Structures are given as C-alpha cells and as structure tokens.
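Peer 1: generate a structure from the sequence data that follows.
(one chain, ligands or ions: 2)
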Amino acid sequence: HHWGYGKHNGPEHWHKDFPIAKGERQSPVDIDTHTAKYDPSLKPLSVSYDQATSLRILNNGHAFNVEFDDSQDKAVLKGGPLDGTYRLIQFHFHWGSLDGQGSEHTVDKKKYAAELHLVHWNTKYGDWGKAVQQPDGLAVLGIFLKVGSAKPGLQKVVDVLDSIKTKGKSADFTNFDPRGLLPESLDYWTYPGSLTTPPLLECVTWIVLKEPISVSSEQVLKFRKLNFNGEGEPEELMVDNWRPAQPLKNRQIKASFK
Ligand SMILES: NS(=O)(=O)c1nc2ccccc2s1
Ligand SMILES: [Zn+2]
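Peer 2: Numbers count the residues shown, from 1 in each chain. Ligands and ions are numbered 1, 2, ... in the order given. Please find the structure below.
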C-alpha cells in the first residue's frame, strides 16, 4: 500500500491499485434528503454498548483507531436494517483542514467538519477477514460532527492524541465509553456500500445518523495536529483524510424516519 490523501496518491488515484474503487456500490455518497424514502419497515437501531471494552488507540497513518475487544459479543449493533449481530471492532474519524469540509457522506451536498465511523462485523462470518468478503459482512454507523459546543465524551480521545502524533504510535486506551459520542436521536439513513479506504470492499451496510454531534473548535484543532508521517519524518499534518462522494448508481437510500 502507498495510497493516501496527499497531492499524488489521493482518492482519485486509488483505482489503479484497487479497481473496485470504480465499482457499483462505493462509499461515501451524497444523501439527497428529498430523494431518500421513508421505509416504515425499518426497525429502531439497537446500539448496545453497555459492555464495550476499549483497549488501545493507534495512529495508522491515515486516521486514528480506537480499538475494542471483539473476541466475544460485548458491544454490538443490531436492528435497524440489519439481520443478526454485528460486533464493534474500532471507531475512527475523518476530518478537514478547516470546518467547511471533513465528512465523507454529505447531506444535500453539505459537508460537515468531520465524521465518526463506528465499525462492526457480522458475527455469522466468525472473523473480520471472512466478513469483508460478504455483501452483508459489515455495518458502519456514521455520525456527523459540526463545530460548536464541546462534546464532553470526546475529550478523553482528544487528550491522548499528543501521545500518538505519528504513524505507528499507539497508547493504552482502556475504559472509554463510546456511548458518550452518540447524539440524542438514532434516526438514520441506510444504503449498501463499501469501505471508504483501501481495500474499498463492497461489504458494508451503511447507517448514517441524521443528527450531528457538536464538538468544539479546540477539540477538532487537536485532531488537525496529528501527522500522517512517521516519527522524525517531514511533518505532514493529518488533515483532509476523507474520500469524496462516489456515484450512487443503482442504489436506494432509505430513511428510518418520516
Ligand atoms: N472508513 S470505513 O469505511 O469505516 C473503513 N474502511 C476500512 C478499511 C480497512 C479496514 C477497516 C476499515 S473501516
Ligand atoms: Zn471511516
């Protein structure tokens, strides 16, 4: 892998190493709120994070992942458009160099300052590597961030970032409660899509919450002090690590709410 979000290895180049980048169910997409159809057959989402066990936070050179113990059913996502049980494996964000961009999904072409991805895999496939080979292998819960009032539940994440500034650095990150990152409402849009970084596999049921969370300018400024580069290498600020909207093609975006 040599892909990134720089001036010569960005999303417009990915198709050369990952031809599925030009596929029929790529993510993210623009959510046209007037075209998305209310589906009364969709169920309430069930976000069961009471027993979540966070373990570690890693700068992987494209974002930072907060990793969970997914060795058994602790934190799981069920219901909504989903059949079966999906285990939380990690969350990460995508963000911008300034507040007017950062999100991957857009809403009537509006870009949010950032987007949180809570990533889950379908336990019926036994492990992540098997799950990503299946069209219903993953469920990613996407939550928009706008800049305003501080999000108290995000501050523990913010405060550890200085310790994982560069690619390949990690730190212990136990006892973090991801419920503190959820908005009030679980109203959502859903559509079939893909991973938004290589390998871009078309194995995701996307669930994107309508209600954004508010974070402070100071919180997102700390995201923007991270580095894409490794220790001692020329500093490249980790900013604009988002893939733009991809063609919707023959896909329907459904709303859980009227
Ligand atoms: N950005 S995302 O679709 O949530 C995502 N992409 C990837 C790629 C490789 C491994 C895990 C994930 S999770
Ligand atoms: Zn993501």
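Peer 1: can you tell me which residues in the stretch 101-250 of the chain are near ligand 1?
Peer 2: 117, 119, 140, 195-197 (C-beta under 6 Å from any ligand atom). Every residue, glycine included, has its C-beta placed from N, CA and C.
Peer 1: repeat that with 8 Å
Peer 2: 104, 117, 119, 132, 138, 140, 142, 194-201, 204, 243 (C-beta under 8 Å from any ligand atom).
Peer 1: tell me which of those fall in strands.
Peer 2: Using DSSP state E, the subset of these located in strands is 117, 119, 138, 140, 142, 204.
Peer 1: just the helices in the stretch 51-200 of the chain please.
Peer 2: 128-131, 155-160 (DSSP state H, counting those that start in this stretch).
Peer 1: save those as a markdown table, and put in distance to residue 146 and mean neighbour count too.
Peer 2: Formatted as a markdown table, the helices of the stretch 51-200 of the chain follow (distance: least, C-beta to C-beta, whole Å; neighbours: other C-beta atoms under 10 Å):
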| stretch | distance to residue 146 | mean neighbour count |
| --- | --- | --- |
| helix 128-131 | 31 | 16 |
| helix 155-160 | 16 | 17 |
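Peer 1: okay, those helices in CSV with distance to residue 36 next?
Peer 2: What follows is these, written out as CSV (distance: least, C-beta to C-beta, whole Å):
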stretch, distance to residue 36
helix 128-131, 27
helix 155-160, 30
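Peer 1: and of these, who's closest to residue 65?
Peer 2: Evaluated over the helices of the stretch 51-200 of the chain, closeness to residue 65 peaks at helix 155-160, with 11.1 Å, by C-beta to C-beta.
Peer 1: quick one: that closest one to chain centroid distance?
Peer 2: Relative to its chain's centre, helix 155-160 lies at 18 Å (C-alpha atoms, centre = their mean, to the nearest Å).
Peer 1: can you tell me the residue of the stretch 1-150 of the chain closest to ligand 1?
Peer 2: Using C-beta to the nearest ligand atom, the closest approach of the stretch 1-150 of the chain to ligand 1 is made by residue 117 at 3.8 Å.
Peer 1: assess the claim that that residue and residue 91 are in contact.
Peer 2: Yes: the pair residue 117 and residue 91 qualifies as a contact (C-beta atoms under 8 Å) at a distance of 6.2 Å.
Peer 1: who touches stretch 241-249?
Peer 2: 5, 11, 24-30, 62-63, 94-96, 101-106, 115, 196-197, 228 (C-beta atoms under 8 Å, 6 or more residues apart in numbering).
Peer 1: count the neighbours of the spatially closest residue to residue 32 that is not a sequence neighbour for me.
Peer 2: In this structure, residue 32 finds its nearest non-sequential neighbour in residue 108, 6.4 Å apart by C-beta to C-beta, 6 or more residues apart in numbering. By the measure other C-beta atoms under 10 Å, the count of residues near residue 108 is 10.
Peer 1: was I right about residue 108 contacting residue 31?
Peer 2: Yes: Residue 108 is within contact range of residue 31, at 7.4 Å (criterion: C-beta under 8 Å).
Peer 1: contacts only, for residue 87.
Peer 2: 70, 73-76, 120-121, 123.
Peer 1: give the bridge partners for it, please.
Peer 2: residue 76, residue 121 (DSSP bridges).
Peer 1: same check on the one 5 residues further on?
Peer 2: Partner residues in beta bridges with residue 92, using DSSP bridges, are residue 117.
Peer 1: give me the distance between it and residue 39.
Peer 2: Counting by C-beta to C-beta, to the nearest Å, the gap between residue 92 and residue 39 amounts to 28 Å.
Peer 1: neighbours of residue 253, just the number please.
Peer 2: Around residue 253 there are 22 other residues, counting by other C-beta under 10 Å.
Peer 1: thinking again about what came up before, tell me which of residue 92 and residue 39 has more neighbours.
Peer 2: Shown here are residue 92 and residue 39; by other C-beta under 10 Å, residue 92 has more neighbours (20 against 14).
Peer 1: just to revisit the earlier point, by neighbours, which of the contacts of residue 87 wins?
Peer 2: residue 120 (29 neighbours).
Peer 1: flag every buried residue along stretch 67-86.
Peer 2: Residues 67-70, 74-78, 80-82, 85-86 are the ones in stretch 67-86 that count as buried (16 or more other C-beta atoms under 10 Å).
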